[PDB]
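Chain letters run A, B, ... following the sequence lines, proteins first and then strands; every chain starts at 1. Computation of the quantities below employed the complete heavy-atom set of this structure, encompassing side-chain atoms and omitting hydrogens, waters and symmetry-equivalent molecules. Order of appearance sets the numbers: ligands from 1, and atoms from 1 within every ligand.
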Amino acid sequence: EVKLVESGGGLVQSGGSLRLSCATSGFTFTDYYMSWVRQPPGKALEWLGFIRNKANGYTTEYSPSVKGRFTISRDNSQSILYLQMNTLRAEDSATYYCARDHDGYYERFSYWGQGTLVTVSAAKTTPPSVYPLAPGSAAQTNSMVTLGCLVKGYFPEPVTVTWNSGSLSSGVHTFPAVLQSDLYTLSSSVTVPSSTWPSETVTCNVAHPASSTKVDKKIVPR
Amino acid sequence: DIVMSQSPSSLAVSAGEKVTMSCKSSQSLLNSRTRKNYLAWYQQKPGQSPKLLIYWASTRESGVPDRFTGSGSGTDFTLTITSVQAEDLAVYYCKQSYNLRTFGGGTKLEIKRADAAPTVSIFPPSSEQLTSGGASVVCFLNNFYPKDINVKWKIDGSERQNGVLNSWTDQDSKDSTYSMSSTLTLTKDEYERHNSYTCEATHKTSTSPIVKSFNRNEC
Ligand SMILES: C=CCO[C@]1(C(=O)O)C[C@@H](O[C@]2(C(=O)O)C[C@@H](O)[C@@H](O)[C@@H]([C@H](O)CO[C@]3(C(=O)O)C[C@@H](O)[C@@H](O)[C@@H]([C@H](O)CO)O3)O2)[C@@H](O)[C@@H]([C@H](O)CO)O1
Ligand SMILES: [Mg+2]
Ligand SMILES: [Mg+2]
Ligand SMILES: [Zn+2]
């Protein structure tokens with residue numbers, strides 16, 4: 001039952017600082033080196049640094065790419081890992097992962113968090129407009145019917161979209177956001193049996209953490 | 001220092017076939033003290049965190065399917081997947097831990113499958129959007145293969161390319177298809193000057209485009 005959960009990601013201005021956390025459970029935290037790894041959107045993983053285990057004095061090492069600018073620390077009472085980032089630049093925009101590292105013997109990163117997305121930008125936070133995508137004038141004799149959610153004009157990434165609180169997973173396609181004029185837009189489609197809608201409800205659940213936006217948009221016919 | 005390089009950058013393989021992937025280190029990763037190569041492989045499926053597959057070059061982590069095998073030594077390493085499955089779609093990264101840690105640049109594995117025609121759906125602007133002065137028309141092109149596809153928007157029969165943004169999903173982990181969204185954004189004022197809105201998809205699966213349309217008067 002190993003759990004690693006990063007937090008702290010979001011929008012920060014160039015030259016700014018931001019500290020990420022990684023809450024852990026399910027293993028003896030002090031036995032383990034812990035690493036941070038980042039990934040710019042669409043690019044490769046980059047190892048950033050580690051903090052050693054108790055047996056090795058909890059000392060730190062860093063990639064030359066961030067040494068002197070990023071600081072790793074750990075709270076061994078609560079099993080939390082930290083990454084302090086200073087003098088941030090656009091090139092630091094990335095998903096940041098914490099990973100469980102060396103235990104003095106094994107050479108492997110056994111477990112990784114879900115990642116937290118950091119955006120370095122001067123653009124302002126903007127909540128999404130969420131619009132329902134319901135069929136126009138064309139009966140779905142197609143046995144199946146496709147509905148959607150348009151999540152328009154937000155910044156920064158990410159947003160999350162689910163359908164019926166996650167009950168509908170299969171037949172869902174959420175399209176990667178496209179950036180236009182300092183704003184992202186994405187859409188999500190869901191395809192369900194025509195016998196289930198609109199007799200049953202279909203709702204897209206959209207969250208935009210940067211603006212604490214929470215939207216539940218029911219897709220209504222007519 | 002230690003440079004990790006992977007090959008190929010990307011490739012596609014059909015389900016059931018063998019996949020071979022390479023990782024080179026700028027210096028040997030064979031630790032003389034322990035006599036092991038400090039080289040691990042990670043799988044990152046689309047939208048997911050990396051997952052450990054193999055470490056010490058050839059040790060398969062518990063729970064990893066037997067079809068994944070790491071091999072090699074010193075400066076050259078290989079990840080082989082036999083009987084590849086649709087679910088194996090991912091970027092694969094190697095990583096040295098001989099001196100700190102460094103990742104390779106990844107190998108993107110896509111899944112080749114039989115050609116499949118898109119299912120096309122068109123959606124008019126919502127009243128909620130129109131009320132604020134905008135009009136986005138959305139077209140979903142779902143479950144097609146290969147990824148290459150053309151979408152044309154016609155308004156009252158005339159092609160429009162201005163204000164069109166497209167987005168492809170990554171390949172689906174179950175059926176190996178792609179989907180794409182095409183969104184045409186207009187002002188309400190311009191939207192209300194025309195009647196017919198059409199999304200036309202042309203895909204190698206048919207010489208006939210798939211045409212979906214709606215008429216504003218029918219809303
Ligand atoms: C002056 C130090 C000598 O240390 C060694 C030696 O280098 O010959 C290794 C040392 O091994 C162990 C240990 O404490 O038993 C176990 C080994 O697995 C490692 O944990 C090492 C070190 O902690 C180094 O590990 C790291 C590191 O922290 O930089 C991390 C590893 O993932 C890996 O990258 C290694 C790298 O392979 C270098 O070792 O670096 O400690 C121990 O065997 C001593 C011995 O007591 C004599 O001094 O020798
Ligand atoms: Mg699909
Ligand atoms: Mg007209
Ligand atoms: Zn016009």
For atom 19 (C) of ligand 1, find the nearest protein heavy atom and state the residue, atom name and distance (0.1 Å precision). A/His102 NE2, 3.6 Å
Report yes or no: does a heavy atom of A/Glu61 sit under 4.0 Å from some atom of ligand 1? no
Residues that A/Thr59 engages under side chain to side chain donor-acceptor pair (under 3.5 Å), provided they are two or more places apart: A/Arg52
the protein heavy atom lying closest to atom 36 (C) of ligand 1 turns out to be B/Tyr98 O, 3.6 Å
Residues two or more places apart in sequence or in another chain: which of them pass side chain to side chain contact (heavy atoms under 4.5 Å, CB included) with A/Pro221? A/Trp197, A/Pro198
Any idea which heavy atoms bring A/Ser73 and A/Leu81 closest together, and the distance? O-CD1, 3.5 Å
Please enumerate all residues that pass side chain to side chain contact (heavy atoms under 4.5 Å, CB included) together with B/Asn162, with sequence neighbours excluded. B/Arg160
heavy-atom search around atom 49 (O) of ligand 1 in the protein gives B/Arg33 CD, 4.6 Å
Taking backbone and side chain together, does B/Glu190 place any N/O/S atom at a distance below 2.8 Å from the Zn ion (ligand 4)? yes
Please say whether A/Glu107 places an N or O atom under 3.5 Å from an N or O atom belonging to ligand 1. yes
Salt bridge check, A/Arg38 against A/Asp92: does any charged N sit closer than 4.0 Å to a carboxylate O? yes
N or O contact, A/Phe50 vs ligand 1, cut-off under 3.5 Å: no
Over-ring placement of B/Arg60 relative to B/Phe68, 6.0 Å and 45° cut-offs: no
Does atom 17 (C) of ligand 1 have a protein non-hydrogen atom under 4.0 Å from it? yes
Could you find the nearest protein heavy atom to atom 41 (O) of ligand 1 and give me its residue, atom name and distance? A/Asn56 OD1, 4.8 Å
Option of least heavy-atom distance to atom 34 (O) of ligand 1 (set: B/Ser97, A/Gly104, A/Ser35): B/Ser97
Among non-hydrogen protein atoms, atom 24 (C) of ligand 1 lies closest to A/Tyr33 OH, 4.1 Å
Between B/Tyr38 and ligand 1, which residue portion shows a heavy-atom distance shorter than 4.0 Å: side chain, backbone, both, or neither? side chain
What residue and atom, counting heavy atoms only, is the protein's closest point to atom 29 (O) of ligand 1, and at what distance? A/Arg52 NH2, 3.1 Å
Please list, in number order, the atoms of ligand 1 under 4.0 Å from a heavy atom of B/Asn31. 37 (O)
Quick check on contacts: which atoms of ligand 1 are under 4.0 angstrom from a heavy atom of B/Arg101? 30 (C), 31 (C), 32 (O), 34 (O)
Which protein N, O or S atoms lie under 2.8 Å from the Mg ion (ligand 3)? B/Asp156 OD2, B/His194 ND1
For A/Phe175 and B/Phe140, take the angle between the two ring planes, folded into 0 to 90°, and tell me which bin it lands in: parallel under 30, tilted 30 to 60, perpendicular over 60. parallel
